[PDB]
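Let us start with two forms of the same protein chain, each given on its own as C-alpha cells and named structure 1 and structure 2.
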Structure 1
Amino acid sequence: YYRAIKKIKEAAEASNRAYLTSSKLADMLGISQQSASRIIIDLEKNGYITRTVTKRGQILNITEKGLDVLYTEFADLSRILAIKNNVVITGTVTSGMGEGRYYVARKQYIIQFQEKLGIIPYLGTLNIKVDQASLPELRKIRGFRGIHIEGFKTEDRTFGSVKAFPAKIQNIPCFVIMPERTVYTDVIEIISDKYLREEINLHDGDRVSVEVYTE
C-alpha cells in the first residue's frame, strides 16, 4: 500500500487531503483504473485513509496510520543509509494520575533502562503535550526504531515493548519512551535519572522544547 499512500500524500501537497479520481491515481501509479479504485477501497478498509466517494470522484483523507507508513519508510531509509535526522518537539507540561510511576517502577523495565540506557530513572514520566505545529516532528520520531526495550508478562497484566530515544529537554539529558506498537496521540513521555520538575523548575502549562536523537 506504500506507493499509493505516497502518491496520495504527494497529491495532498501541504495538507493530508486530496480530491482525486481512481483514473488520476492509476496514471500516477502506472496501473489500471480498476486496480487504483480497488487500492483506494482497501486503504479505507484498513484505516490508512478515510474518504468520501461519489460519481464526481473522491476526497481522500490520509489518517495518522496512513502517514505513519510514510514516516516509517523515511526512518528505515535514514537508518539504513546512516542519514542524520534529529528532531525538535515543542509542547506543554501536563500532569496525570501517576500512570508513569506505575510503569517505570516495574522491575522488568527498570533492569532494561539500566542495561540499555545506562540510568536508574526517577519513578515517573514527564508528560509533554506536543504543540499542533510540532506534530510533523512527532510523526517523524515515531517512524524510528530507537533503543528496543523488551516487554513482559506479570500476573496482573502484560506490558508492551517500548522504544527509547536519547533526548534533551532544556539541555538536560533524558529519554523519550513510546510503545513500539504506535498509538497516535499528541502526548510524549520522558524519563530521566533527574526529577525534571525540580531540575528545570517546571510547572503544568510551561512550554518546553525537546531535542530527540533518532540515530
Structure 2
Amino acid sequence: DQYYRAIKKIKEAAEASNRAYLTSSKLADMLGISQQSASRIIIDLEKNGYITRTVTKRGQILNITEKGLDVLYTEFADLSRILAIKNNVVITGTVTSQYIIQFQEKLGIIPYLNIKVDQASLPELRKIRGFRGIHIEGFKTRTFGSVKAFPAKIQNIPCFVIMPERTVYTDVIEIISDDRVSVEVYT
C-alpha cells in the first residue's frame, strides 16, 4: 500500500514511459513522507524487483519493472472485479513452435498451443495477468503451483489461456482447448 502508492506515483511520474527521474527527496514530497521513509521504500522496491534504480550524469532514474507494473494491473483488475466493471481483452501475436482432471471438471472440456504476443499487445497481456481467472489448484507430489485459466476465443472457437498463478513475465502464452493470430480473452 505505501508500497502500492510509491509504485503508482513512480509510474505516474514516468508518464507515458516506465522511467522517471526521481530522488528519494522528490518521491518523499510526492508521497507526503520523510526523505528517510522514501529512501527505505526505494531500496525495498529495488531489492524485491518492483523497480530498478539507475544513477546517471543526469540524475537518478527509477524504472518500473514488469513486476512493478503487475502490482498496478492487479489493483486495476481487483477494482474491476469488485465494482463489476467489464474489461475483456484482445491480444494478437504469432503462433510459435491432477491438472488434467481439474481442466475436465472446472472447464468442462477434454484437454488436448503456444503464441508469441506482439509488443503492441503487451499492455493487454499485462492487464490479463492482473485478473484471477478460473482457479486451478496446485498440489504436493515437490509442490506444484496453482494455475489461472481464462476463457478465450480464437476465430470464435473457445479455448483457455493457461498461466501460473505465480506470474511469470514472458511474451509467450499457452492455450488449451477441447501464422498471425487474434485472441479475445475474458476476464
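Residues that one form lacks are left out of the comparison. Here the rigid core means the biggest group of C-alpha atoms that line up within 1.5 Å when the two forms are laid on top of each other. All residue numbers here follow the sequence of structure 1, with the first residue given the number 1.
- Looking at both structures, it is structure 1 that matches the form deposited with the DNA bound.
- Of the candidates 70, 187, 53, 147, the Cα that moves 2 angstroms or more after core superposition between structure 1 and structure 2 belongs to 53 alone.
- Once the rigid core is matched between structure 1 and structure 2, the CA atom of residue 9 is found 0.3 Å away.
- After superposition on the rigid core, the segments of 3 or more consecutive residues displaced by 2 Å or more at every C-alpha between structure 1 and structure 2 are found at 53-57, 152-154, 157-160.
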